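Quick look at my_file_22.tsv (TSV, C-alpha atoms and all ligand atoms):
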```
chain	number	residue	atom	x	y	z
A	1	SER	CA	10.81	-13.05	2.62
A	2	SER	CA	10.06	-12.41	6.32
A	3	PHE	CA	10.41	-8.71	6.94
A	4	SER	CA	8.71	-5.52	7.74
A	5	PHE	CA	7.32	-2.32	6.26
A	6	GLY	CA	5.28	0.55	7.63
A	7	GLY	CA	5.15	-1.11	10.99
A	8	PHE	CA	3.58	-4.32	9.78
A	9	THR	CA	5.40	-7.61	9.53
A	10	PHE	CA	5.08	-9.28	6.08
A	11	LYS	CA	5.58	-12.97	5.57
A	12	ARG	CA	5.70	-14.11	1.92
A	13	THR	CA	3.69	-17.30	1.56
A	14	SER	CA	4.10	-17.71	-2.21
A	15	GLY	CA	5.80	-16.23	-5.29
A	16	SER	CA	8.99	-14.23	-5.68
A	17	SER	CA	10.52	-11.15	-7.23
A	18	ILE	CA	13.52	-9.44	-8.71
A	19	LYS	CA	14.25	-5.88	-7.59
A	20	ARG	CA	14.88	-3.58	-10.48
A	21	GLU	CA	15.73	0.05	-9.87
A	22	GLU	CA	13.69	2.68	-11.69
A	23	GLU	CA	13.39	6.44	-11.46
A	24	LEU	CA	9.82	7.53	-11.07
A	25	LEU	CA	8.48	11.01	-11.17
A	26	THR	CA	5.82	12.58	-9.12
A	27	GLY	CA	3.30	15.21	-10.22
A	28	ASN	CA	5.53	17.72	-8.41
A	29	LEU	CA	8.31	16.66	-10.75
A	30	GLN	CA	10.32	14.87	-8.04
A	31	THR	CA	12.44	11.90	-8.96
A	32	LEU	CA	12.07	8.89	-6.62
A	33	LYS	CA	14.62	6.22	-7.22
A	34	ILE	CA	12.62	3.16	-6.27
A	35	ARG	CA	13.57	-0.48	-6.19
A	36	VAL	CA	10.54	-1.79	-8.09
A	37	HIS	CA	9.63	-5.39	-7.37
A	38	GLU	CA	8.86	-7.68	-10.24
A	39	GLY	CA	6.79	-10.82	-9.98
A	40	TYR	CA	3.70	-12.16	-8.36
A	41	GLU	CA	3.66	-12.54	-4.56
A	42	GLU	CA	1.32	-13.25	-1.61
A	43	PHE	CA	1.93	-12.12	1.99
A	44	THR	CA	0.42	-12.19	5.36
A	45	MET	CA	0.62	-8.72	6.93
A	46	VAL	CA	0.33	-8.62	10.69
A	47	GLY	CA	0.11	-5.53	12.81
A	48	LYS	CA	-1.00	-5.21	16.44
A	49	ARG	CA	-4.36	-3.73	15.33
A	50	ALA	CA	-5.04	-5.32	11.88
A	51	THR	CA	-3.89	-8.30	9.80
A	52	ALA	CA	-4.34	-8.77	6.04
A	53	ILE	CA	-3.64	-11.01	3.18
A	54	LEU	CA	-1.89	-9.13	0.35
A	55	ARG	CA	-1.60	-10.47	-3.16
A	56	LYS	CA	0.32	-8.43	-5.61
A	57	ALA	CA	2.15	-8.48	-8.85
A	58	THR	CA	4.48	-6.01	-10.50
A	59	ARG	CA	3.44	-2.53	-9.42
A	60	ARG	CA	-0.08	-3.98	-8.94
A	61	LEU	CA	-2.18	-4.73	-5.88
A	62	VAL	CA	-4.27	-7.73	-6.94
A	63	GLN	CA	-6.15	-8.19	-3.62
A	64	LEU	CA	-6.00	-7.18	-0.01
A	65	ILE	CA	-8.34	-8.64	2.56
A	66	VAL	CA	-7.97	-6.85	5.87
A	67	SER	CA	-9.26	-7.62	9.37
A	68	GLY	CA	-8.80	-4.72	11.73
A	69	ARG	CA	-9.73	-3.71	15.23
A	70	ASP	CA	-11.54	-0.66	13.92
A	71	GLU	CA	-11.85	1.71	11.02
A	72	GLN	CA	-8.64	3.68	11.66
A	73	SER	CA	-6.78	0.37	12.03
A	74	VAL	CA	-8.18	-0.91	8.72
A	75	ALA	CA	-7.25	2.36	6.94
A	76	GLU	CA	-3.70	2.13	8.32
A	77	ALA	CA	-3.26	-1.27	6.83
A	78	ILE	CA	-4.81	-0.27	3.49
A	79	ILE	CA	-2.42	2.68	3.11
A	80	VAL	CA	0.60	0.52	3.86
A	81	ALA	CA	-0.56	-2.00	1.33
A	82	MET	CA	-1.29	0.65	-1.34
A	83	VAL	CA	2.29	1.98	-0.96
A	84	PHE	CA	3.81	-1.49	-0.77
A	85	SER	CA	2.13	-2.39	-4.09
A	86	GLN	CA	4.21	0.27	-5.90
A	87	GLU	CA	1.22	1.31	-8.04
A	88	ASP	CA	1.32	4.11	-10.56
A	89	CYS	CA	-1.81	5.65	-9.10
A	90	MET	CA	-0.22	5.77	-5.66
A	91	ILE	CA	2.79	7.62	-7.08
A	92	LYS	CA	0.41	9.96	-8.97
A	93	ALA	CA	-1.42	10.57	-5.65
A	94	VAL	CA	1.61	12.32	-4.08
A	95	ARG	CA	1.10	16.07	-3.59
A	96	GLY	CA	4.05	18.41	-3.01
A	97	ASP	CA	7.66	17.52	-2.27
A	98	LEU	CA	8.76	14.58	-0.18
A	99	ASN	CA	11.63	15.52	2.10
A	100	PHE	CA	11.09	13.49	5.27
A	101	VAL	CA	13.93	12.85	7.53
A	102	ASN	CA	14.76	10.32	10.35
A	103	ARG	CA	15.45	11.30	13.97
A	104	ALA	CA	19.10	11.45	12.81
A	105	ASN	CA	18.52	13.90	9.91
A	106	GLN	CA	18.90	11.39	7.12
A	107	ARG	CA	16.40	11.26	4.26
A	108	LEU	CA	13.89	8.41	4.53
A	109	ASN	CA	14.21	6.02	1.65
A	110	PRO	CA	11.72	6.66	-1.12
A	111	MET	CA	9.22	3.99	-0.13
A	112	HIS	CA	9.17	5.53	3.33
A	113	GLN	CA	8.84	9.02	1.97
A	114	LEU	CA	5.62	7.79	0.22
A	115	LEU	CA	4.43	6.07	3.27
A	116	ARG	CA	4.97	8.98	5.57
A	117	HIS	CA	3.30	11.24	3.05
A	118	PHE	CA	0.09	9.13	2.87
A	119	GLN	CA	-0.05	8.49	6.60
A	120	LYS	CA	-0.47	12.20	7.07
A	121	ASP	CA	-3.28	12.27	4.52
A	122	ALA	CA	-4.71	9.56	2.41
A	123	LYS	CA	-7.75	11.33	0.75
A	124	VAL	CA	-6.04	11.72	-2.63
A	125	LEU	CA	-4.58	8.26	-2.48
A	126	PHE	CA	-7.95	6.61	-1.83
A	127	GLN	CA	-9.89	8.94	-4.19
A	128	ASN	CA	-7.54	8.04	-7.06
A	129	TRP	CA	-7.21	4.33	-6.39
A	130	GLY	CA	-10.35	3.21	-8.19
A	131	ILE	CA	-13.73	1.65	-7.41
A	132	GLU	CA	-15.10	-1.73	-8.44
A	133	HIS	CA	-18.27	-3.85	-8.00
A	134	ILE	CA	-17.88	-6.69	-5.53
A	135	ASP	CA	-19.45	-10.10	-5.04
A	136	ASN	CA	-19.91	-9.67	-1.28
A	137	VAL	CA	-19.42	-13.38	-0.56
A	138	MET	CA	-17.77	-15.24	2.25
A	139	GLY	CA	-18.14	-12.38	4.64
A	140	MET	CA	-16.02	-10.04	2.54
A	141	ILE	CA	-17.30	-6.56	2.49
A	142	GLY	CA	-16.11	-3.50	0.56
A	143	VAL	CA	-14.73	-0.26	1.76
A	144	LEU	CA	-15.25	3.05	-0.03
A	145	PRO	CA	-12.72	5.98	-0.19
A	146	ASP	CA	-14.34	7.61	2.88
A	147	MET	CA	-13.98	4.20	4.73
A	148	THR	CA	-17.77	3.55	4.61
A	149	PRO	CA	-18.49	-0.18	4.25
A	150	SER	CA	-20.41	-1.27	1.14
A	151	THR	CA	-21.76	-4.61	0.05
A	152	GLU	CA	-21.99	-3.42	-3.56
A	153	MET	CA	-18.68	-1.67	-4.29
A	154	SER	CA	-15.18	-1.25	-2.90
A	155	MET	CA	-11.79	0.39	-3.56
A	156	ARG	CA	-10.29	-1.81	-6.20
A	157	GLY	CA	-9.03	-5.11	-4.82
A	158	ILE	CA	-9.65	-4.03	-1.18
A	159	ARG	CA	-11.98	-6.19	1.01
A	160	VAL	CA	-12.65	-6.23	4.71
A	161	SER	CA	-13.49	-9.43	6.49
A	162	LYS	CA	-13.35	-10.61	10.07
A	163	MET	CA	-13.51	-14.30	9.03
B	201	LIG	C1	7.78	-3.31	-2.48
B	201	LIG	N1	8.48	-4.37	-1.73
B	201	LIG	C2	9.27	-3.87	-0.63
B	201	LIG	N2	9.72	-5.19	-0.23
B	201	LIG	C3	10.62	-5.26	0.92
B	201	LIG	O1	10.14	-4.48	2.01
B	201	LIG	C4	11.25	-4.29	2.87
B	201	LIG	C5	11.16	-2.87	3.44
B	201	LIG	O2	11.53	-1.91	2.45
B	201	LIG	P1	12.59	-0.71	2.77
B	201	LIG	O3	13.00	-0.82	4.24
B	201	LIG	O4	12.00	0.51	2.11
B	201	LIG	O5	13.86	-1.06	1.81
B	201	LIG	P2	15.44	-1.30	2.17
B	201	LIG	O6	15.66	-2.10	3.44
B	201	LIG	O7	16.23	0.01	2.04
B	201	LIG	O8	15.64	-2.31	0.93
B	201	LIG	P3	15.01	-2.02	-0.54
B	201	LIG	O9	15.89	-0.85	-0.98
B	201	LIG	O10	15.22	-3.36	-1.23
B	201	LIG	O11	13.53	-1.64	-0.44
B	201	LIG	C6	12.49	-4.59	2.03
B	201	LIG	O12	12.91	-5.87	2.50
B	201	LIG	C7	11.99	-4.70	0.59
B	201	LIG	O13	12.66	-5.67	-0.22
B	201	LIG	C8	9.36	-6.25	-0.88
B	201	LIG	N3	9.54	-7.59	-0.80
B	201	LIG	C9	8.92	-8.40	-1.70
B	201	LIG	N4	9.12	-9.73	-1.62
B	201	LIG	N5	8.12	-7.90	-2.66
B	201	LIG	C10	7.86	-6.57	-2.82
B	201	LIG	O14	7.11	-6.07	-3.69
B	201	LIG	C11	8.50	-5.68	-1.89
```
Represent the structure from my file as structure tokens, please.
Amino acid sequence: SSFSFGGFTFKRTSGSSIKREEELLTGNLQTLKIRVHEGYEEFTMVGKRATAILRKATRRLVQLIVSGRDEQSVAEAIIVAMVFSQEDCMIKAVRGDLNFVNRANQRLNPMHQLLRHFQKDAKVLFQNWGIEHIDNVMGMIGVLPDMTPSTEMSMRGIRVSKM
């Protein structure tokens, strides 16, 4: 896999997956027909303003370690990764109906619907993601739902490091 999503390039460095189509419902009772990936995979994400290592399994973000130019740039990468992971809690974070369209009046695919939704506002996504205690070693630091750094706690699986 060498591809892109949410304006970041992803390069799979280990693992693999089967796509398996599932219909998932949002709190607004919308069906999203989503090609759910199955298996355990690691990627390097590279954007112009942030890079990250993403480890994930089936509908689960195991770890993301992000290096970004600044706080906005780190958030952007975290949102893309939270959507990419296909997590239940990201789907449950959706508020209202998703009807985004491309500059040619076609519906964005469902993964892009989710992404465009959270790029507009990520408060509910980050608030419902989950918090964990962290070891704070090797220069990894945590990031809280309001993007404040913490050496004690972080959004689950999310670390920030410039090393
Ligand atoms: C969640 N994803 C998404 N993804 C890939 O990310 C790329 C961008 O997704 P997209 O443009 O929404 O999908 P599209 O091109 O319509 O294909 P698809 O319908 O397979 O998502 C696709 O190549 C898709 O396979 C993935 N690739 C791997 N290896 N593992 C994964 O978990 C995922």
At most 7 Å from ligand LIG 201 (chain B) (all atoms listed in the file): residue list as a compact mmCIF listing (two decimals) with C-alpha atoms, keeping the file's coordinate frame:
```
# COMPACT_ATOMS: atom_id res chain seq x y z
CA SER A 1 10.81 -13.05 2.62
CA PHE A 3 10.41 -8.71 6.94
CA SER A 4 8.71 -5.52 7.74
CA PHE A 5 7.32 -2.32 6.26
CA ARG A 12 5.70 -14.11 1.92
CA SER A 16 8.99 -14.23 -5.68
CA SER A 17 10.52 -11.15 -7.23
CA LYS A 19 14.25 -5.88 -7.59
CA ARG A 35 13.57 -0.48 -6.19
CA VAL A 36 10.54 -1.79 -8.09
CA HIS A 37 9.63 -5.39 -7.37
CA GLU A 38 8.86 -7.68 -10.24
CA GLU A 41 3.66 -12.54 -4.56
CA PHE A 84 3.81 -1.49 -0.77
CA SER A 85 2.13 -2.39 -4.09
CA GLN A 86 4.21 0.27 -5.90
CA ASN A 109 14.21 6.02 1.65
CA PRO A 110 11.72 6.66 -1.12
CA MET A 111 9.22 3.99 -0.13
CA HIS A 112 9.17 5.53 3.33
```
### Long-range neighbours of residue A:69 as a list in words, 10 Å cut-off, all atoms listed in the file, 3 positions minimum in chain
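Using all atoms listed in the file, the neighbours found are residues 48, 49, 50, 51, 72, 73, 74 and 162 of chain A.
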### Message
I want to know what sits within 8 Å of residue A:93, based on all atoms listed in the file, with residues of the same chain fewer than 5 positions away left out; could you give that as a PyMOL selection string?
### Response
chain A and resi 124-125+128
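Counting only C-alpha atoms and comparing A:13, A:152, A:87, A:21, the residue that lies closest to residue A:134 is A:152.
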### Task
Quick one: everything within 12 Å of residue A:144, counting only C-alpha atoms, minus sequence neighbours fewer than 2 positions away in the same chain. Send it as number ranges by chain.
A: 71, 74-75, 78, 123, 126-134, 141-142, 146-160
### Message
Show me, as a PyMOL selection string, the residues that have an atom within 10 Å of stretch 80-83 of chain A when counting all atoms listed in the file, minus same-chain residues fewer than 3 positions from it.
### Response
chain A and resi 5-8+45+52-56+59-61+63-64+66+75-77+86-91+111-112+114-116+118-119+125-126+129+158
Please report, as JSON, the centre and edge lengths in Å to one decimal of an axis-aligned box covering all listed atoms of stretch 14-17 of chain A with 8 Å per side.
```
{"center_x": 7.3, "center_y": -14.4, "center_z": -4.7, "size_x": 22.4, "size_y": 22.6, "size_z": 21.0}
```
### Task
Kindly indicate which residue among A:117, A:161, A:43, A:28 lies nearest to residue A:137, using only C-alpha atoms for the distances.
A:161
### Query
Looking at all atoms listed in the file, which of A:9, A:2, A:97, A:121 is the one that sits closest to residue A:31?
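Looking at the shortest contact to residue A:31, the residue is A:97.
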### Query
What is the distance between atom CA of residue A:95 and atom CA of residue A:46, in Å to one decimal?
28.5 Å
